[PDB]
Amino acid sequence: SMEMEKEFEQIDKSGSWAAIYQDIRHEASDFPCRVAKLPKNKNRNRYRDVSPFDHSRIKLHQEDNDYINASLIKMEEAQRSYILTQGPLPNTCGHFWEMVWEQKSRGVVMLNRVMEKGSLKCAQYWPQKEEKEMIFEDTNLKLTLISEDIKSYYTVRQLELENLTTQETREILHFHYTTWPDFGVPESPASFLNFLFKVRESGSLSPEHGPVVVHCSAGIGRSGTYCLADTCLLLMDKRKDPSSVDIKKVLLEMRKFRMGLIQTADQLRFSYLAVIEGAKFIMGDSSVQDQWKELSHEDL
Ligand SMILES: O=C(O)C(=O)Nc1sc2c(c1C(=O)O)CCNC2
Ligand SMILES: [Cl-]
Ligand SMILES: [Cl-]
Ligand SMILES: [Cl-]
């Protein structure tokens with residue numbers, strides 16, 4: 001059994017998930033967020049306590065106001081980057097797709113629903129009907145729903161994003177997880193890993209593309225959980241060595257680039273479970289992938 005499994009058992013036995021998680025919060029980086037806190041950006045932030053650090057914020061390529069609440073998580077050893085961002089607001093959907101355009105992203109991973117716990121956690125930023133495309137006048141972009149593949153707990157959409165200035169167009173894949181509760185965890189490691197591997201298999205993480213965009217409502221809790229699991233699996237894979245992966249150190253590295261990644265101790269505990277289970281595929285048992293698809297009951 002792997003060292004992360006032994007660590008997992010000892011933390012479970014001693015009941016120390018809350019203390020381990022608080023240790024991470026105490027040790028996490030603290031960098032300034034001066035642009036995010038400028039008065040003119042107040043209505044560009046969904047949550048007053050969630051801001052991108054200045055050193056890693058994504059800048060929009062426009063001259064009026066380049067601010068978006070979004071961070072580039074640049075994982076050097078893993079050689080994968082992610083853009084983590086908040087669920088766009090009704091006035092920032094144009095900025096969101098501007099950022100997708102300028103950063104050359106091929107995929108968007110959405111881990112939340114538009115309404116959760118009775119509240120609007122994210123704007124309806126993509127078109128729900130092929131024949132009702134959206135136009136973002138402020139950033140001069142057009143967004144059309146091309147097709148969607150609805151499964152029982154996630155939906156994959158094919159979108160066309162057009163730069164109306166140049167009339168160039170790109171296909172964006174939208175991976176929408178619809179049964180992951182806010183401040184909660186997926187239903188099982190299997191359904192989570194099935195979804196995560198759906199993203200991987202799409203090619204959206206290819207280094208020929210810009211960084212994948214990942215968001216939940218705040219871009220930190222569910223987004224941090226997804227990214228930690230994905231990065232740890234990729235590191236294990238590069239080295240073919242589960243024991244070289246220190247999950248808490250990877251999370252602390254990610255938190256150099258955006259605050260608050262992973263919002264509960266149970267989400268941390270879930271990340272361990274997902275990485276431990278996914279290690280079976282990494283280390284050469286491809287049949288677990290079929291097993292996850294079955295256990296996830298994705299068919300409708
Ligand atoms: O969507 C997520 O997974 C996430 O981290 N959400 C977060 S983090 C966070 C909040 C929320 C929210 O959704 O209310 C409220 C304000 N404090 C921090
Ligand atoms: Cl200002
Ligand atoms: Cl909203
Ligand atoms: Cl935190």
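Counting starts with 1 at the first residue shown.
Heads up, the Cβ atoms here are built off N, Cα and C, so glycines get one too.
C216 (active site, phosphocysteine intermediate) carries neither a helix nor a strand DSSP state and counts as coil. What Swiss-Prot records for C216 is active site, phosphocysteine intermediate.
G221 (substrate binding site) carries a helical DSSP state (H, G or I). Annotated substrate binding site per Swiss-Prot: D182, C216, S217, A218, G219, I220, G221, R222, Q263, in sequence order.
Positions annotated as N-acetylmethionine by Swiss-Prot, on the basis of experimental evidence: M2. Taking a C-beta cut-off of under 8 angstroms and a sequence separation of 6 or more, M2 (N-acetylmethionine) has the following same-chain neighbours: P242, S243, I276, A279.
Residues annotated as phosphotyrosine in Swiss-Prot: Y21 (among others). In the three-state DSSP scheme, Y21 (phosphotyrosine) is classed as helix. Around the Cβ of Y21 (phosphotyrosine), 21 further Cβ atoms fall within 10 Å across all displayed protein chains.
Neighbour count (other Cβ atoms within 10 Å of the Cβ, all protein chains): 22 for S51 (phosphoserine). What Swiss-Prot lists as phosphoserine is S51 (among others), and the listing cites experimental evidence.
Neighbours of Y67 (phosphotyrosine), defined as other CB atoms within 10 A of its CB across all chains, total 21. Annotated phosphotyrosine per Swiss-Prot: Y67 (among others), in sequence order.
Its Cβ taken as reference, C216 (active site, phosphocysteine intermediate) is surrounded by 29 other Cβ atoms within 10 Å in the chains shown. What Swiss-Prot lists as S-nitrosocysteine is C216, and the listing cites experimental evidence.
Marked as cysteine sulfinic acid (-SO2H) by Swiss-Prot: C216.
Sequence annotations record features per position, and here Swiss-Prot assigns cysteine sulfenic acid (-SOH) to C216 based on experimental evidence.
The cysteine persulfide annotation in Swiss-Prot covers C216.
Residues or ranges marked as phosphoserine by Swiss-Prot on the basis of experimental evidence: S243 (among others). DSSP assigns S243 (phosphoserine) to a helix in the three-state reduction.
As annotated by Swiss-Prot, phosphoserine applies to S244 (among others). Within 10 Å of the Cβ of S244 (phosphoserine) there are 12 other Cβ atoms, across all protein chains.
When the recorded positions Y67, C216, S217, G221 are ranked by how far their Cα is from the Cα of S244 (phosphoserine), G221 comes first. Spatially close to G221 (substrate binding site) yet at least six residues away along the chain are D182, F183, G260, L261, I262, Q263, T264, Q267, judged by Cβ distances under 8 angstroms. Looking only at Cα atoms, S217 (substrate binding site) sits nearest to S51 among the modified residues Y21, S51, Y67. When the record's substrate-binding residues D182, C216, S217, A218, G219, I220, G221, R222, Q263 are compared pairwise by CA position, the greatest distance found is 12 Å.
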